[PDB]
Amino acid sequence: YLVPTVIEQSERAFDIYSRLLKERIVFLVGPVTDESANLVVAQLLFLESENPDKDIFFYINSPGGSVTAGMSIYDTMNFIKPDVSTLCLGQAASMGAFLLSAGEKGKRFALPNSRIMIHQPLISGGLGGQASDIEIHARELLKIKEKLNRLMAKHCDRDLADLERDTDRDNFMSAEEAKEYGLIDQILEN
Amino acid sequence: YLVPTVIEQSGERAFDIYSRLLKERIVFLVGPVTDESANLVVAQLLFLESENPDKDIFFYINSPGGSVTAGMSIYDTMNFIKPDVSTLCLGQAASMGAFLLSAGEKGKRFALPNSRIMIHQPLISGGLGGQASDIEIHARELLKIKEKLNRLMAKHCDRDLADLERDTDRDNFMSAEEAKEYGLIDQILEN
Amino acid sequence: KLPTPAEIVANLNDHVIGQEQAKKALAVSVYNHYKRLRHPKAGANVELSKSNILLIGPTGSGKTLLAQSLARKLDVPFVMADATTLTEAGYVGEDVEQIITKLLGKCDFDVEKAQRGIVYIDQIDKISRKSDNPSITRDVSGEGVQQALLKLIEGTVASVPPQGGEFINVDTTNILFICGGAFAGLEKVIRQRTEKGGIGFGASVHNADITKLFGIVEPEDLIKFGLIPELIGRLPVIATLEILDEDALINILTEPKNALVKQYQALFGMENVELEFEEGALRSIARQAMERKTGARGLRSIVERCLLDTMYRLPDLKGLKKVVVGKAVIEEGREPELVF
Amino acid sequence: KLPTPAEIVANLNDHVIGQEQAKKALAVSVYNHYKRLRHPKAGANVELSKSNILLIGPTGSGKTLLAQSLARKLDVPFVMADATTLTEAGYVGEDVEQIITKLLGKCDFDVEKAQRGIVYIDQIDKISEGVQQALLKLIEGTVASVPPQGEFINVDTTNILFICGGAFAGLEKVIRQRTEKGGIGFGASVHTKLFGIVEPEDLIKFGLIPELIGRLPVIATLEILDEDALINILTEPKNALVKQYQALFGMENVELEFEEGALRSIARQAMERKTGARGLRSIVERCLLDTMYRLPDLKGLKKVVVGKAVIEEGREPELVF
Amino acid sequence: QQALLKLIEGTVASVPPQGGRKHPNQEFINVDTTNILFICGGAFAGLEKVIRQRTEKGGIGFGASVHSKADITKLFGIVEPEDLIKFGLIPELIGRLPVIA
Ligand SMILES: Nc1ncnc2c1ncn2[C@@H]1O[C@H](COP(=O)(O)OP(=O)(O)OP(=O)(O)O)[C@@H](O)[C@H]1O
Ligand SMILES: Nc1ncnc2c1ncn2[C@@H]1O[C@H](COP(=O)(O)OP(=O)(O)O)[C@@H](O)[C@H]1O
Ligand SMILES: [Mg+2]
């Protein structure tokens, strides 16, 4: 894709995403990979240094992705001093919904027709080799499953038992249902 | 991916965001460890030593592993250069990623609270085809690498070689707390 | 005899609230200067430089009060000059010799006393150097005044009109100069020298704390502001004034002889209405004034806008005897409790 | 008469400590300059030109003190100028010969004394071009006119000795780029001696115009003051800080004394600020403000002992009565 | 360069009396620069390249004529106004400097 170039008056020419980063807007678009997550981490670290007090706006339009990649974003969001506000555009599914709920409490938003989906993790990696190797990877996946449900329950002010029920299979929610659930705080209109 | 451009105030200088973070001695190892990705880390470590041999270098690791020889080029560069190389685990440090994480300066090895650290014996460092004489040679070389890695890991962790031989037999996944208790990292960052 | 630093500061506390380090610095420097003059055995190789004083601080911090209190106590030829009136000798305005003339007039033109007096110069940050001029014929009000002032601060002899309408030669080797001003660009100069910051997890990241910034001023920072280096080198003592905190602002609000509270109580004493402030009201007034960043001057604005809806009605309200200003009147849009 | 290059260093050691190479270089250049000014400047003789000096050294190393000590010794007037006080735009001419007005004012506007004086230019490296061109046109022989002492006055600066100086921070790497094997290599030179082998191409690469290097033939280097020299500076010089404050306490009946550890610690504190002996005065005044305010109140006091704990910790000087 | 055109050739300049800048509110003296000889000088560094471009144009191609390819001294000795114009001097100034040494 051709990323448009915009001019900032101060003149400085930016691509439109660097221009929005100047306004403390970080985009997570598409699958969460090592490379896309590290760009988010790099932007979060950079924005904290520019101003540790001003809010960072984390715009999420993602179907999910790697858990470890999403956890690098998650720990960076919680570590850095400035509040990270999260906004759901289009969809926040799987780790995208996790990072959406991971925003600062009171500053988690979704657009009115966005779709938010939460579910237990799939394969974090293949389970081949010997039964001893498969047992190890199964145990690690169960630990990740419990860790995700526990952190989700903390984000949503719900019991761990509620998240274990609701993440068993793909749980699709409107913006209103996610607000009632505890994934987001407000729904934006204008 | 489109790498964002940021402006440094000094006049102004436009950086991509990774060159901007390198300006403050942050080196990223993201994804698999290859000859090319490891040599970029080595080039950055060498460059940062020249800029300031006394200031710490921050080595951010989010890697599932990779080549042993490639990781050893980073490892020897970390130990050679004068400035301390602090290591931080983001997301995951597995295989050679966990090795390079434990290779950080003692007291300055960090991990984020939900990071995952995995240590294990090496797999194929290369195929074992050809004749039985060739296969014997490559098997012996892999065993020497296996012992070298366990020995260096045991040194990093202040543990016995026998402990690392047990624990690296199969994929050993550890939380940040378990890696701190093991000796792979020194501290867990929160805020 | 010679009032000692303990005596000097003990009487500066009667007029200046807070700024303890500056009162100590001024008292020690003045006592050392006068003792040094009384015992000129320092004619030996030791070149004890004339310990002039530079008095930097925010607006409303008490520079002009420290000067006046130091003046009226020391019982010495003391003049208060304003660099806003100073000009180059060959142009309209007051040349730097008018200050020596005022110093003589303050001592009945007995030059023996004037040559051992003090010269206070306010707003010295207003004659700083600047680039070549818009308003270009000569930068008269700027560097020219600095050089003519430097020629006085260092040991020289000035020629001034007689006592009546025959010029008097006045040697300023032993005249102490105390310069002051609110250097508004100094915090940016210092914040460029430092405030490096950093990025990353293991790096420290971070309104300007002009208090600690002024507390770490260096001569080169003042050179960048526009002062000539030879003048700063002649001003070795640098007294810094902190921003008045809530407690100091409260004391200023109530304790001094001409405090705002007493001023308005007497302003209502022209009527027959008693004015009473609550402790929380004084606390909130001090907080709001500190938030305005104008020093003790931002205290009058608060007390004036909180009593505006009352002074407008006092002559119309009959039977009123007391008015009580509470914390709600200051923090909220409330009316003081009227007691009829 | 005129002081020989050896007598100049002899008297200059009493005021400045260290930098012996720069001391002898200044002594030779100044002696030769004021011997040239004694030549039969007429007839079929050789028209003699001056040799200026470039003092390269850290901040607080004593460059200005060296120049002022030379001036006090040779009875000539002296004024320090700052290349940082000269702006790129504007009339760089009108303010470059204002230094001449300053030098004239320092000698009763007698051109006979000012034309054979000394001028030190601070921060010669901070202008790394219009300022450089004006300093060059002025360092070379030129007749400048300034306002009167109250008609204009003329000054020919050909016989004025110019001692430029500054802390060339990034000059050592400019030198190492050509003197060493490599900078970023594994085994490749990772990091005043190299200042001593400085060559014109290094100063030009630093950004000094070549014509300015051509009129500064003498290059002298000053070494950073170590923790030892900063102690001598506190005690040995004619105007030592210890001597000044001992006189302050001595006009009263109190004898001021310092502990050797106090001098060493206060010298280390000054060295940690990257300012040399410039910071010594502030820390000494901070340390002695403990008593300079109380001493007026104290009665029966005979001596004060300043220990290392006063300089390092929040300790009060020991008051023995 | 434009301000020097009228000054180099004959004109009546208005100069300040050794005291200040060239202002409207300024006393002046009339000086005729008609008979005042002007000697301009400078180290035209990139002039050798311009002279070499003009004297060794040549050309590219199988059908083009390739010209032979003399240091600063030799090239300066054959300098022409065309080279000084390509260097940055306006022709109005070069015409007022007929002698080129
Ligand atoms: N430290 C203080 N103690 C008591 N009163 C103070 C103090 N500082 C300011 N004030 C009050 O502020 C009024 C004026 O302050 P002052 O003129 O001393 O400020 P300043 O430093 O001269 O300000 P500027 O720098 O703008 O001239 C005084 O009438 C006094 O009541
Ligand atoms: N070598 C030295 N010997 C004695 N005093 C020194 C020396 N170097 C610096 N100082 C002291 O430092 C103060 C300022 O030094 P300065 O002349 O500014 O050094 P520089 O010119 O190298 O910056 C002076 O008061 C001087 O007493
Ligand atoms: Mg004032």
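Numbers and lists here come from the model and the stated rules, or from a named source; nothing here is a laboratory result. Reconstructed Cβ throughout: ideal geometry from the backbone, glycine too, with neighbour counts over all protein chains shown.
Assess whether D:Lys181 counts as being out of contact with any strand residue (DSSP E or B) (no Cβ under 6 Å at 6 or more places or on another chain), more than 28 Å from C:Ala148 (Cβ to Cβ) and surrounded by fewer than 18 Cβ atoms within 10 Å (Cβ to Cβ).
Yes: the conditions hold for D:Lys181.
Residues of the range C:162-184 being over 30 Å from C:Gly60 (Cβ atoms) and either aliphatic (A, V, I, L, M) or within 16 Å of ligand 1 (Cβ to nearest atom) (or both), which ones?
Matches in the range C:162-184: C:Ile168, C:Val170.
Determine which single condition C:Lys35 fails, assuming it passes every other condition in (1) buried (at least 19 other Cβ atoms within 10 Å of the Cβ); (2) part of a helix (DSSP H, G or I); (3) within 14 Å of another protein chain (Cβ to nearest Cβ).
Failing condition for C:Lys35: (1).
Identify the single condition in (1) assigned to a loop (DSSP other than H, G, I, E, B); (2) closer than 17 Å to A:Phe98 by Cβ that A:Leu28 does not satisfy, given that it satisfies every other one.
Unmet condition: (1).
Kindly provide the set of residues from the range D:247-274 that are touching a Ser or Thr at 6+ places or on another chain (Cβ under 9 Å) and hydrophobic (A, V, I, L, M, F, W, C), ordered by number.
Passing the criteria: D:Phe249, D:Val254, D:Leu256, D:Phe258, D:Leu263, D:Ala270.
Restricting to the range B:6-51, what's the tally of residues that are facing another protein chain (nearest Cβ under 8 Å) and among the polar types (S, T, N, Q)?
1
Tally the residues that are within 14 Å of chain C (Cβ to nearest Cβ), crowded, with 16+ Cβ neighbours inside 10 Å and near ligand 2 (Cβ under 8 Å from one of its atoms), restricting the search to the range D:219-240.
Qualifying residue count for the region: 1.
Mind checking whether some residue in the range A:75-95 is within 9 Å of chain B (Cβ to nearest Cβ) and surrounded by 22 or more Cβ atoms within 10 Å (Cβ to Cβ)?
yes
Among the residues of the range D:11-20, write down those that are surrounded by 14 or more Cβ atoms within 10 Å (Cβ to Cβ) and in a helix (DSSP H, G or I).
D:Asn11, D:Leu12, listed by residue number.
Going by the structure shown, is C:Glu220 in the same structural domain as C:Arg129 (by CATH), of a type in the set (D, E, K, R) and part of a loop (DSSP other than H, G, I, E, B)?
So C:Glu220 fails the test.
Please go through the range A:73-87 and give me each residue that is assigned to a helix (DSSP H, G or I) and farther than 16 Å from A:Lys154 by Cα, ordered by number.
Passing the criteria: A:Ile73, A:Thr76, A:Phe79.
Return yes or no: is C:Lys102 more than 20 Å from C:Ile56 (Cβ to Cβ), under 23 Å from the mean Cα position of the chain (by Cα) and more than 14 Å from chain D (Cβ to nearest Cβ)?
yes
So that you can scan it fast, the table gives a plain yes or no per residue for (1) assigned to a loop (DSSP other than H, G, I, E, B); (2) under 21 Å from the mean Cα position of the chain (by Cα):
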| residue | (1), (2) |
| --- | --- |
| E:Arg21 | yes, no |
| E:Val31 | no, no |
| E:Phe38 | yes, yes |
| E:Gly41 | yes, yes |
| E:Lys49 | no, yes |
| E:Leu84 | no, yes |
| E:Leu93 | no, yes |
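Looking at (1) charged (D, E, K, R); (2) more than 13 Å from ligand 1 (Cβ to nearest atom); (3) assigned to a loop (DSSP other than H, G, I, E, B), which is the one condition that is false for C:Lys73?
Result: C:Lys73 passes all but (3).
Test each condition in (1) crowded, with 22+ Cβ neighbours inside 10 Å; (2) within 14 Å of chain A (Cβ to nearest Cβ) for B:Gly104 and report the one that comes out false.
(2)
If you go through the range D:77-115, how many residues are surrounded by 19 or more Cβ atoms within 10 Å (Cβ to Cβ) and assigned to a loop (DSSP other than H, G, I, E, B)?
Qualifying residue count for the region: 4.
Got at least one residue in the range C:132-149 being assigned to a loop (DSSP other than H, G, I, E, B), within 13 Å of chain D (Cβ to nearest Cβ) and under 30 Å from C:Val30 (Cβ atoms)?
The answer is yes, given that some residue of the range C:132-149 is assigned to a loop (DSSP other than H, G, I, E, B), within 13 Å of chain D (Cβ to nearest Cβ) and under 30 Å from C:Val30 (Cβ atoms).
Between residues in the range A:137-161 that are away from chain B (no Cβ under 12 Å) and surrounded by fewer than 16 Cβ atoms within 10 Å (Cβ to Cβ) and residues that are in a helix (DSSP H, G or I) and among the basic types (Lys, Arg), which pairs lie under 7 Å by C-beta distance while being six or more apart or on different chains?
Once the first residue is away from chain B (no Cβ under 12 Å) and surrounded by fewer than 16 Cβ atoms within 10 Å (Cβ to Cβ) and sits in the range A:137-161, its partners that are in a helix (DSSP H, G or I) and among the basic types (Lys, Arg) give A:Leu160/A:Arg150.
Against the definition (within 14 Å of chain A (Cβ to nearest Cβ) and more than 30 Å from C:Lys106 (Cα to Cα)), how does C:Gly198 come out, yes or no?
Spelling it out, C:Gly198 is indeed within 14 Å of chain A (Cβ to nearest Cβ) and more than 30 Å from C:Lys106 (Cα to Cα).
Restricting the range C:269-315 to residues that are of a type in the set (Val, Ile, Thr) and under 25 Å from C:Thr64 (Cβ atoms), which is surrounded by the most Cβ atoms within 10 Å (Cβ to Cβ)?
Top of the filtered list is C:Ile285.
Scanning for something assigned to a strand (DSSP E or B), in contact with a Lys or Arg (Cβ under 6 Å, 6 or more places away or on another chain) and away from chain A (no Cβ under 11 Å), does the range B:52-68 turn up at least one residue?
Within the range B:52-68, one or more residues are assigned to a strand (DSSP E or B), in contact with a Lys or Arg (Cβ under 6 Å, 6 or more places away or on another chain) and away from chain A (no Cβ under 11 Å).
Taking the range E:1-60 on its own, how many of its residues are among the polar types (S, T, N, Q) and either within 23 Å of E:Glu80 (Cα to Cα) or touching a strand residue (DSSP E or B) at 6+ places or on another chain (Cβ under 7 Å) (or both)?
8
Given (1) β-branched (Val, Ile, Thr); (2) assigned to a helix (DSSP H, G or I); (3) in contact with a helix residue (DSSP H, G or I) (Cβ under 8 Å, 6 or more places away or on another chain); (4) within 30 Å of D:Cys287 (Cα to Cα), where does C:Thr64 come up short, assuming only one miss?
Answer for C:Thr64: the failing condition is (3).
Return yes when C:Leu48 is within 14 Å of another protein chain (Cβ to nearest Cβ), in contact with a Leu (Cβ under 6 Å, 6 or more places away or on another chain) and not in a helix (DSSP H, G or I) and no when it is not.
Considered against the rule, which asks whether it is within 14 Å of another protein chain (Cβ to nearest Cβ), in contact with a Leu (Cβ under 6 Å, 6 or more places away or on another chain) and not in a helix (DSSP H, G or I), C:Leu48 comes out as no.
Kindly provide the set of residues from the range D:241-268 that are among the polar types (S, T, N, Q), more than 14 Å from chain C (Cβ to nearest Cβ) and under 21 Å from the mean Cα position of the chain (by Cα), ordered by number.
The answer is none; no residue qualifies.
Please tell me if C:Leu320 is under 21 Å from C:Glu271 (Cα atoms) and touching a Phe, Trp or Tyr at 6+ places or on another chain (Cβ under 7 Å).
Judged against the criteria, C:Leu320 is a match.
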